[PDB]
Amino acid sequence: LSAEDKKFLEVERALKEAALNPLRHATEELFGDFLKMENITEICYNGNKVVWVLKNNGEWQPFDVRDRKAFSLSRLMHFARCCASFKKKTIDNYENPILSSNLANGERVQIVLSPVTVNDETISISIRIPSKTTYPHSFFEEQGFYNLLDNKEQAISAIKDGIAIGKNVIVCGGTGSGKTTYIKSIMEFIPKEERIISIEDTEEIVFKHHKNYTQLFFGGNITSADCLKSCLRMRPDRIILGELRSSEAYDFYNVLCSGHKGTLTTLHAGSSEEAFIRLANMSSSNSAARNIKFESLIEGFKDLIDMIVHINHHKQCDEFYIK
């Protein structure tokens, strides 16, 4: 079939692989070395001939690029447009100076040009490194992910059993607190017979223990609400939400109202109590929740969310909400 399938794809690939090849070389030429460094969480460039790299250990390391052709306005701009076209977008110095796109491999890329930047020789770039690895849950314990908890044993058992029985779990914290990583590891506890549908922004979750599943990705005209709506039409046993933004916000509250099996998602929030308000706020912004009391949404999630895990800047659990 590979022979018949190749000719069939031939036309779309040429199309895609015409904006993707260019982008790969730009990517290679500029951030190549950087993308190969182990244990890094973000590659920033501040349009000042210096590349700042953030390590998993929360340290910022700078690198001198004053002497590289790759970091020339012409070279940087070409890279920028390559990202734009790749995601069917435009970046310029007028109506589109700020950009959000991805690399060939899918890593989030945020580019900012003049006039939004201080001057015309400034081109801000921020690459988000998904930290491609799937550490086992045991590894989290061995490293004391739960050491700050007073209910350590309880928490470690609740996460194992809870998830195994299909409770709705929410993992929250700040950008880069290892939220995704954590959920990826705790998935070892979903019975391998479960069908799982994952809705993400960029491929990140890996299915090491499950065969039956499907991954959905929102982006462009396809909102996350579309993927979660499709999801509910694909007979899922577990639904894994890459991250609650605002669109799905309310359509997630509903999925929960209909008493749905095992949900699991990440959210930016400083705490448990916060997570509930974060949810209400978000859900409220939806036109469908235009006639529902605000406190009524908060109490809504309060009944539906079985357990919340918060993670601090030190990639350690500092609160384990239950029941």
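Sequential numbering from 1, following the sequence displayed.
### Task
Could you settle it for me: does 253-261 or 27-35 have the higher average Cα B factor in the PDB entry?
So the stretch with the higher mean C-alpha B-factor is 253-261.
### Task
Report the stretch with the higher mean CA temperature factor, choosing between 176-184 and 126-134 on the basis of the entry.
Comparing averages over the C-alpha atoms only gives 126-134.
### Task
Using the temperature factors in the entry, find which of 246, 168, 230, 100 has the highest value at its Cα atom.
Each of 246, 168, 230, 100 was compared by C-alpha B-factor; the highest is 246.
### Query
What's the residue among 79, 217, 146, 213 with the greatest CA temperature factor in the PDB record?
146 has the highest C-alpha B-factor of those listed.
### Message
Sorting by Cα B-factor within the chain, modelled residues only, which third would residue 202 end up in: lowest, middle or highest?
### Response
Ranked within chain, residue 202 CA B lands in the middle tercile.
#### Entry: Third of the chain's Cα B-factor distribution that residue 67 belongs to, per the entry
CA B-factor rank for residue 67: highest third.
### Third assignment of residue 195 from its chain's C-alpha B-factors
Its C-alpha B-factor, which the entry lists for residue 195, ranks in the lowest third among residues of this chain.
### Query
Which third, lowest, middle or highest, does the CA B-factor of residue 110 fall in along this chain?
Lowest third.
### Task
Could you say whether, by C-alpha temperature factor, residue 51 belongs to the lowest, middle or highest third of its chain?
It falls in the bottom third of the chain.
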